[PDB]
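The data below hold one chain only, encoded as structure tokens and taken in the form deposited without the partner chain.
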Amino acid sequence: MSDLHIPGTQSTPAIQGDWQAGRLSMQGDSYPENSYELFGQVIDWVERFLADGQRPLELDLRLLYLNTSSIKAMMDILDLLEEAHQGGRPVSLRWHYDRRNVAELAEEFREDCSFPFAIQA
């Protein structure tokens, strides 16, 4: 029932799981030593949201740099959305990027998802 609220730092992104709205948001860089210490709780929150109802879940991402381990973590998150989508769950995603920076990783992630995935400049 509670929200997920991880304050951002230099090396880890600010993360907001809004439970009432069904929004999961992430902002900043991710290069922690231990990505699953950071992301495990985010993965559980998504599972709990998905187990609970039929309510839509949307991701709104403003991520910049992602280390190897955080890529694997994000894909584990995408996999849960994919599997929920396959079962008829409304899931959507928006990947925001500044174009003075082309968004090749996001396209690689988009290629692995059947649900709506927008890459926005």
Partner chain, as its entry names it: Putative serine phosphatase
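Positions refer to the first chain, counted from 1.
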ask   = Among the other PDB entries compared that flank it on both sides, is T9 unmodelled in a third or more?
value = no
inquiry  = What about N101, left without coordinates in a third or more of the other entries of this protein that model its neighbours?
reply    = yes
request  = Can you count, per the entry, how many deposited residues between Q20 and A21 come without coordinates? Answer none, 1 to 3, 4 to 9, or 10 or more.
outcome  = none
inquiry  = Averaging CA B factors per stretch from the PDB record, which one is higher: 8 to 16 or 102 to 110?
reply    = 102 to 110
query = Where do the C-alpha atoms have the higher mean temperature factor in this entry, in 69 to 77 or in 45 to 53?
reply = 45 to 53
ask   = In this PDB entry, which of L93, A84, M26, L38 has the top CA B-factor?
value = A84
remark   = Entry-reported C-alpha B-factor of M1 relative to its chain, by third, is highest
ask   = Lowest, middle or highest third: where is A118 by C-alpha B factor in its chain?
value = lowest
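From this point on, the text means the form solved in complex with the partner chain, which you will not see here.
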query = Within a 4.5 Å heavy atom cut-off, is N67 in contact with the partner chain in the deposited complex?
reply = yes
query = Can any non-hydrogen atom of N101 be found within 4.5 angstroms of the partner chain in the deposited complex?
reply = yes
task = Tell me, yes or no, whether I43 is in contact with the partner chain in the deposited complex, where a contact means a heavy atom of each within 4.5 Å.
result = no
message = in the deposited complex, does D112 come within 4.5 Å of the partner chain, counting heavy atoms only?
response = yes
message = in the deposited complex, does every one of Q27, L59 and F117 come within 4.5 Å of the partner chain, counting any heavy atom?
response = no
ask   = Heavy atom within 4.5 Å of the partner chain in the deposited complex: which residues of 29 to 48 qualify?
value = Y31, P32, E33
